[PDB]
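Quick heads-up: the structure tokens below are two forms of one chain, split into structure 1 and structure 2.
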Structure 1
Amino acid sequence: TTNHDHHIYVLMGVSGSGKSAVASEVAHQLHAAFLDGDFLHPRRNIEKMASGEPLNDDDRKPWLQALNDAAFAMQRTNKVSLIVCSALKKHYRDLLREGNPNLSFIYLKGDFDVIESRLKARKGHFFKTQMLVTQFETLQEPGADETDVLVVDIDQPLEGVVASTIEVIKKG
């Protein structure tokens, strides 16, 4: 049922760290399945969000379980499946891990100043520094004790992180 020769990689990291760009390119070049985790939020969450209220860990819980389940499905028919999910808290990672031993994470790791300039570089985008601060505040970095976590250096042009991500995926 779990297909141990198929693997799932959750692209994680704070907002602006490259999750969508990297994951978009990596799936293209690898012919891999690709799911953006934001699309699994229940109707409930989309409406809360539209109304400007910020989700809570109790709201994230149903979203994450659906993420879990979608990972379970993707691994039924693809050797390599990529999911985009910031996954800031260890506890979110545990919820994704459950029942998916063939799941691992690729942490797109960068420090604050690198990500900030990358967020600023978008024409017309009004940058609120506080948004990023909190991202980093919320971030619970996966340490070495989290052994299904691979880490990729973002202080690199898009092509590099894409390559490092590929290397990380192919490394076995």
Structure 2
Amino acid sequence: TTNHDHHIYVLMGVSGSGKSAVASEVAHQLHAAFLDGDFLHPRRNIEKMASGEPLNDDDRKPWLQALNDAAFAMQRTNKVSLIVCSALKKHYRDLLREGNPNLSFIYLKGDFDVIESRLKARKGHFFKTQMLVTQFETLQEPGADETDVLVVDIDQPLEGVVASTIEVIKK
């Protein structure tokens, strides 16, 4: 079940890498559909993330399944769809690919120090530093074997990350 004329790009990478900011702007510029995956977290998950407890594979399963289904729904009527999903592990990405051969990834990439230096916080907010440590540890960067992954350098201003993402989509 796929419309092969249409395509889905999952913007992945650790929390704090600016995925939503980028996806939002890219989709608006390209007149593409956009979905922030963070919003499909099941109730249980939301409660857990806020109380500070990092999620586990089983917690993410239903979330990834929901995202798989949302991707499918989006590609039915949109030539281009962007979904934000950290998609840190390889089989999370595999879960997203199931039944979605027209889905690929755009990995907003940088090392811990790059990410930390590019972090954009709201006035008065404390950045979840130890969350970034954990996320960076969890991250399994897509190896050459993962052929549907395109990479973007987050070590630049938002406007530059947005144009680079666009170029990769136009590629």
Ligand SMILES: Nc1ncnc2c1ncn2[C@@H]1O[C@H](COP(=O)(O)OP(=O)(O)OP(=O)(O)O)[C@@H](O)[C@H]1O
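Residues are numbered by position in structure 1's sequence, first residue being 1. Here the rigid core means the biggest group of C-alpha atoms that line up within 1.5 Å when the two forms are laid on top of each other.
Between the two copies of this chain, it is structure 1 that is the form solved in complex with the ligand. Just one of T129, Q140, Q29, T134 moves its Cα by 2 Å or more between structure 1 and structure 2 on a rigid core overlay, and this residue is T129. A displacement of 2 angstroms or greater separates the C-alpha positions of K120 between structure 1 and structure 2, with the rigid core held in common.
Fitting the two forms on the rigid core leaves the C-alpha of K48 displaced by at least 2 angstroms between structure 1 and structure 2. Once the core of the two forms is superposed, the Cα of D59 has moved 1.8 Å between structure 1 and structure 2.
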